[PDB]
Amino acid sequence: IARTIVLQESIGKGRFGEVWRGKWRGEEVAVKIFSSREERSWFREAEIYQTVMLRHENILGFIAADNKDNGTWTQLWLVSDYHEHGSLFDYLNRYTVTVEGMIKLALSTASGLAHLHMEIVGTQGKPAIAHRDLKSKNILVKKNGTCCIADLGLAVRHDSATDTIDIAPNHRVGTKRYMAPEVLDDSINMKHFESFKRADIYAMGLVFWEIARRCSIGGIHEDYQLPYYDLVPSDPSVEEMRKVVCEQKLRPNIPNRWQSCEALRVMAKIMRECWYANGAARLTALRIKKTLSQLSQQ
C-alpha cells in the first residue's frame, strides 16, 4: 500500500489530517494522512470503513489503512478511490445541474444514507450506522454524476440485540451549521440510536436544498449558498445556530420558482419533511429513496 504510493497534490485538510491526490501503480487514489498524535481519529475511521458488508456504490470506496515511516516520523494513512470532481460542495459551486442531474445527486445521496442506516441481518451482518457529520463537503461526486458519502470518522454503530452503540457519544461532534435542532439544544437522547439517524436526515434535507438551488431550468437558477447563509455568520457557533433553528424556528427558504416544476416540488416537500423540530416526524432515508426512485422513473 503506502510503500508504493506517491503523493502528487494537496486537496485539503478536514477535521484531522490532510487529503492528497496520490498515484498507486499509475492509478489516482486519495490518501488521508494523519500524525502520530491523531492515531485515535485515524483508527476509528479505519474501523468504520472496515465494517462487514459496508461497501456500496454510494459510500466512498475504501482501499486500505497503513503506516508509512519516512525515517524521521510515522504517517498514518487511509487510502480510498479518487473522484476528480471532488466534493458536492465544490461541484455545486462550479456547476449548475439539470432536473435529471439533480435527481441523480439526491437519489444517490439518499441511497448511500439508507444503506448506512440499514442493518443487514445475517452471519455476515452489517450493523446500522449513523454518520453524525453529513454535509455537502463530505459527499463526493463521481464521473457518472452520482454521489458517494465520505468522512465516516464520527460515525456510530448500533448493536440491535442490546440496543446499544459501540462508543460513548459526546454532544455536538459535527458541523454546527448542519446540526439538528435537538443536537443544538442538547435535548437529543444519545442512548437512542434512532435519534442519530433522525439527525442525519435533517442534515440531508439541508444538502438537498443546496442541490435544488443549482437546478437550472430555462437558464434560471439560484446562486450557490450554504444553508442559513442568510441568517448566521460564516463558521457559526452553536448559540448562533440555536437561536435561529430552535428559538426563531427558521429553515432555509424555499424559492417560489420551485413550484413551477414537479421534480422541484417533490424535492421541496422532502426538505420540509426532513426539517421538523421533532425527529420522530421526519422521513426515513429509505422512504426518501423510494420517493426519488419513483420520481426518477416518471
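Between two forms, the rigid core is the largest collection of C-alphas that superpose within 1.5 Å. All residue numbers refer to positions in the sequence shown, first residue = 1.
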inquiry  = Using the rigid core for superposition, please say which stretch has the greater CA deviation in 5 other deposited structures of this protein, 108 to 116 or 73 to 81.
reply    = 73 to 81
message = Quick check: by Cα RMS after rigid core superposition, does 232 to 240 or 255 to 263 differ more from this form in 5 other deposited structures of this protein?
response = 255 to 263
query = Should residue 170 be counted as unmodelled in at least a third of the other PDB entries compared?
reply = yes
request  = Could you check the entry and say whether 218 to 226 or 152 to 160 has the higher mean CA B-factor?
outcome  = 218 to 226
task = Determine, for stretches 170 to 178 and 70 to 78, which one has the higher mean CA B-factor as deposited.
result = 170 to 178
task = Name the residue from 134, 106, 92, 165 with the greatest C-alpha temperature factor listed in the entry.
result = 165
remark   = From the entry's CA B-factor values, the highest among 232, 261, 59, 29 is 261
request  = Would you check the entry's CA temperature factor for residue 35 and let me know if it's in the chain's lowest, middle or highest third?
outcome  = lowest
inquiry  = How does the C-alpha B factor of residue 254 compare with the rest of the chain: lowest, middle or highest third?
reply    = highest
remark   = Split the chain's modelled residues into thirds by Cα B-factor; residue 19 lands in the lowest
key: Lowest, middle or highest third - CA B-factor, residue 127   = middle
task = Would you check the entry's CA temperature factor for residue 63 and let me know if it's in the chain's lowest, middle or highest third?
result = lowest
